[PDB]
Amino acid sequence: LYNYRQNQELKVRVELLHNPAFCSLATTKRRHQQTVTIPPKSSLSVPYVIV
Amino acid sequence: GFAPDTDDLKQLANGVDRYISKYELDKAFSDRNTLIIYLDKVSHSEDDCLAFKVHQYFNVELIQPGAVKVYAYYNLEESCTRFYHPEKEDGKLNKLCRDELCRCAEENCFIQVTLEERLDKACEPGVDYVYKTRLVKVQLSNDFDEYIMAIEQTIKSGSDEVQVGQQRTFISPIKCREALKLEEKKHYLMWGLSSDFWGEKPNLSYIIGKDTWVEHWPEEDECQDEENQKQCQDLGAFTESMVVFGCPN
Amino acid sequence: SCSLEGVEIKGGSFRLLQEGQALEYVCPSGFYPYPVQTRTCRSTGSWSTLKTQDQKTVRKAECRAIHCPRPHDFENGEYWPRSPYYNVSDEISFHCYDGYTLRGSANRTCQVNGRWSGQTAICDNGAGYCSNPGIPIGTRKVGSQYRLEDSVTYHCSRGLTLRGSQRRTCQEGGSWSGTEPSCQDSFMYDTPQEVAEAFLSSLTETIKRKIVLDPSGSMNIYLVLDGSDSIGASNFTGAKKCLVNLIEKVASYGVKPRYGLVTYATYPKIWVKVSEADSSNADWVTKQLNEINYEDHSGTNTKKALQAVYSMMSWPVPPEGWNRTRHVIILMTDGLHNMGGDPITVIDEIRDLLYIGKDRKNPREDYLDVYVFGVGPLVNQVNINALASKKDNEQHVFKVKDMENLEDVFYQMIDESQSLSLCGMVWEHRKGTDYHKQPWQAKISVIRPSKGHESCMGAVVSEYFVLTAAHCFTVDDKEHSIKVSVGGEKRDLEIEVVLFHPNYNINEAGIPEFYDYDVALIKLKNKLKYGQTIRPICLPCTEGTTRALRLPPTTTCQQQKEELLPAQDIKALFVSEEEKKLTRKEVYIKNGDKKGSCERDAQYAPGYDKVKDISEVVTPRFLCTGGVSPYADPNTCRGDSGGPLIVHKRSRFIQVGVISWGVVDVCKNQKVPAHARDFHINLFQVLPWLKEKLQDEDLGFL
Amino acid sequence: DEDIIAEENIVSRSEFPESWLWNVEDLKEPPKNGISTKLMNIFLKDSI
Amino acid sequence: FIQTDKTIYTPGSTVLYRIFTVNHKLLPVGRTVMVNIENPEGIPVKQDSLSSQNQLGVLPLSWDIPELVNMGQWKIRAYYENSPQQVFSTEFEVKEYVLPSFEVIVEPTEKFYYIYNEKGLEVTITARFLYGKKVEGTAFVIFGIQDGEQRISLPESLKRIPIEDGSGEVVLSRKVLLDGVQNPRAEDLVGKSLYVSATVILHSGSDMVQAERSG
Ligand SMILES: *[C@@H]1O[C@H](CO)[C@@H](O)[C@H](O)[C@H]1NC(C)=O
Ligand SMILES: [Mg+2]
């Protein structure tokens, strides 16, 4: 996630849609939902696992 | 929901032969998802290594496994990777199959009853088989556990063709062992959908997933007792209604 | 016992069906309810949950606008413009790179139906054994090898269900194997015209259209209906007429079929098996069909019926001619919610008998056809798709709106073969033009003295007479003001006489407007040759009109008035002229108890200051149409007046009146007030004059 | 609106090509000191 | 003259190129031309003949790389039909890759290198994102020695430097250069060239870029 605002703080929600051809922790009923905070003029990293 | 300890990282960086970036020190513990370490050299005869603590600041269910990767600077295609998890062996995710192709089982074990509920949702356009079975044997193993059952009568047949007296195989994950609470020489009634068929002709097998429903059935001598007499005549009427009339759809 | 209170839909209405066990919403043209159309009441007294494509529950019933699908991918090209979603009547233009070639249509627009108009645009290079398949609009393609023995796969986005082939393989000759997929959504239905056209094109071959058989060849037709609890209408009523029409149409080609009829609810039941020696003529099979009864006391088992059909066709050494026979199976299933086994394996075994897919040099592909018809809003598209057959350049799955559309389709099929004599037929092919859709309208342009242009419209009642509003044409208009435009050509034609209504007049009462009897006719001396782009129109209370309403000839003109104009809001349309083209606009006419309410606002018209009696100039023959009742529908135009008024029913167009005027002038602001209402002349009242003046052409007037 | 923005009604950037605008153009504007000017419009892709 | 849209491709993609024909005075002409495509070994794979009449002298073409193909350098050779003695050629590459995200520039302060300097050779490192913003990370730099078809690597000269705001400094001294080779006499080094190689990594462990300056 890339944030390029001079004076701001962001609290964002990240989601990964599911796919039958892959297996992960996100099923049809329940799906991944992450809440993160980005410092100004910066970047953040989120990892995901796939089979 | 896991973070390193600043003091131990500082102590490790203060040592020789290891270098930690100056930028990562002004990276207050809240945001420390990834860490990167530079190693001057690695011995080719013995094992030299390190260790550090990890704290938890947030409670999250279904925690993902971690990851560790190592390589050399000029050659990137040659690298080693490993996983880890507290409650899981070797960090590998759960999946069941035999050498060619398979689905995975990161799901529940069952769904969870009145007369009309059983009357109505057993006629869904999705369900395929409705049987009543007697459990003949059980066998536990490492990858999954298996049950061998015998069929008394085909209450509602499906795509698979079976006759009275045949034997059927049921596959389940280990985590459901405490959930089902099955024992020798007992009668059950069960129904499931069509997506759970596994294998191929003729060694078809059924999978006890979330949607499949299995219920205990008392012995014929005890339908005179009010333990499940109501259910006894309810399911008798349900069976004769499907056999004689069917279902209004 | 279900809670029937609080099921109102915003912007539309709802109805109760099957005695309080079903509810169905409805909104006017250009809208669709969200997210479900019909709900059912279960035994427990609880209303069924809203089942969307992904079970998206909502807390209120409302209907929103129709959105045409957005293109997904395009390889070697570029299209203008781009938007998150496209409204109705928006245009897209394709144009692709240098050194390639474009095939298809360059300009595409989407209409109210929900589909883009034209064909698929494909840009190709020309360096492969078999040609580029192309990307249908809305899908995504995997595969980029175009030599022998490769395959290509398709699939489209979320909320859409596919209809067609999943995988296509480049055959030996150079053609692909399957049909081009194009995934649909819930709310697109098929109109009778396209269904009839596709059925006829697939069933027979062109030369006119004749059926082809090998020497010593034969056809076997198997019709499979279902009687489960989906309609419960008497004893298979409605289907009998369709089956009889199909039998007659098939026999009209001079071919000898052998029929077979089965009915399944939970057990199969044969009525006329093919092995019988009396099942090769139409009279006997029609008599046998005309005695079907009802026996239900439910369920659905398609597997058993298909196995019964299999046993019917099975042979117990095979006899002569088994290598030169054709099998056709028509399945009229509204459900296919199977309970007792999937039916695919039965089809696989049936085609295994005939030795079809068991070779590479003799495929023998066109010896088994399966057609499927679906009825209602509960049809399961995915199950329907997997059961029919799939071949290129043809369509084999059909889905219609309601039971009436079936007999509409078959009546249109049986009426298409008729000569050009009948009234008000429309038959649009795939590459038609604007005038082919409206083969009756004609235009007259006049330069009235001390005034500019005057453009008026009219309809071609017959080969000698032309009907036009009397406001445009006056008694002092000479041949300089008499120009006709018929046949889709600017060529003029000489006239003979003009006829006006004797009581037509325009004349201190404060109302200088008197639109009474706005009827004008032009009588020629020339015979017209009926062709393709020019056709007459059909008038009420006539032998042809009775023959064009599927009714016995015992109906009276008063009964016809009641049927065509009941005391209800009735759909109608007028063919307006916009952007140098002709397009239809839908309106609702109010001949019921609300006619007075529609006329209650007539005082708002300009120049109506001294109206002593509201009906002194608003004659009772006036019909009030349009307005905000119950929805904001655009009215007609004062500057575009003259055109006819047409009602559409039974796939037929019937004249009902001639436009006269509107309450206010708002149409010239094209570049709608509530009080804006349209007043028209009813043609039933002017019947005596036409009857006394139409006794020479002999068009069966009664 | 009244509900905090969830992830149900957002479109996604898809087009990531490597070379585009392989077109050909002709100049026929009336001259002005021997310099002809043509105006053309282009729609950008979805890459940063 | 031959023009191609890109420089490096992947299997399964397509190649699009153009041919311009001119005469001695550099004016459009129209004649017959022939075009061949040659694989790394040299045996032609596809040949074709074309005419450029009534086109003012621009020829567009196309080719489609298979899915199971060799790697390396491929050639396009074109010539007139009248005179097959003279040919014109162009080269391109076929190799799988993934598109990078930022660029790295290595530069010295003086193009030459006077053998009598006590400061050695100094170079500076500048890395930048594609859309104009600055970058941070860490870099590894190494040196070498180039002779006529020969390369020698000095293992003692390998350095790690932190790149902040896209600026790094590397310095090489006389002693390392002298000890790397077996030539105490400095005057014997004249006629041999130097080169430097650098690698830049980010602080998120996401990318890897390499840049080389030779000669
Ligand atoms: C069908 O009959 C036999 C197969 O038993 C075959 O020899 C014959 O040629 C076939 N008839 C055709 C192909 O017209
Ligand atoms: Mg049914």
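Numbers run from 1 along the shown chain.
Per deposition record, electron microscopy, 3.5 Å.
Every residue gets a Cβ built from N, Cα and C, even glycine.
According to Swiss-Prot, the protein has these features:
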type     : residues          : note
DISULFID : B:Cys97-B:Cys102  : disulfide bond
DISULFID : B:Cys109-B:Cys176 : disulfide bond
DISULFID : B:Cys123-B:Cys247 : disulfide bond
MOD_RES  : B:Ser159          : phosphoserine
CARBOHYD : B:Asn203          : N-linked glycosylation site
REGION   : B:220-245         : region 'Interaction with CFP/properdin'
DISULFID : B:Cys223-B:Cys232 : disulfide bond
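Sequence features annotated in Swiss-Prot and their locations in the structure.
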residue	record	contacts (Cβ under 8 Å, 6+ apart)
B:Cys97	disulfide bond	B:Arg103
B:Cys102	disulfide bond	B:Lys95, B:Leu96
B:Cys109	disulfide bond	B:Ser172, B:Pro173, B:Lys175, B:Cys176, B:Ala179, B:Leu180, B:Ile208, B:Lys210
B:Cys123	disulfide bond	B:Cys247, B:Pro248, B:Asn249
B:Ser159	phosphoserine	B:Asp128, B:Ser194, B:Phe197
B:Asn203	N-linked glycosylation site	none
B:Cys223	disulfide bond	B:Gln229, B:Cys232, B:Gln233
Checklist outcome for this item: Secondary structure split (DSSP) over the region 'Interaction with CFP/properdin' (B:220-245) reads 19 helix, 0 strand, 7 coil
Item to check | All-chain count of other Cβ atoms within 10 Å of B:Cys232 (disulfide bond) | outcome: 18
Next on the checklist: Give the nonlocal contacts of the region 'Interaction with CFP/properdin' (B:220-245) in its own chain as ranges (CB under 8 Å, at least six residues past its ends).
Outcome noted: 115, 118-119, 122, 130, 155-156, 189
Item to check | Cβ neighbour count within 10 Å of B:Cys247 (disulfide bond) | outcome: 18
Checklist entry - Per DSSP, to which secondary structure element type does B:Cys176 (disulfide bond) belong, with helix, strand and coil as the options? => result helix
Item to check | Count of other CB atoms lying within 10 Å of the CB belonging to B:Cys176 (disulfide bond) | outcome: 17
Checklist entry - Taking Cβ atoms only, which of the disulfide-bonded residues B:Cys97, B:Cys109, B:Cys176, B:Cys223, B:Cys232 fall under 8 Å from chain C? => result none
Checklist entry - DSSP on B:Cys247 (disulfide bond), three-state: which is it? => result coil
Checklist entry - What does DSSP assign B:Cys102 (disulfide bond), in three states? => result coil
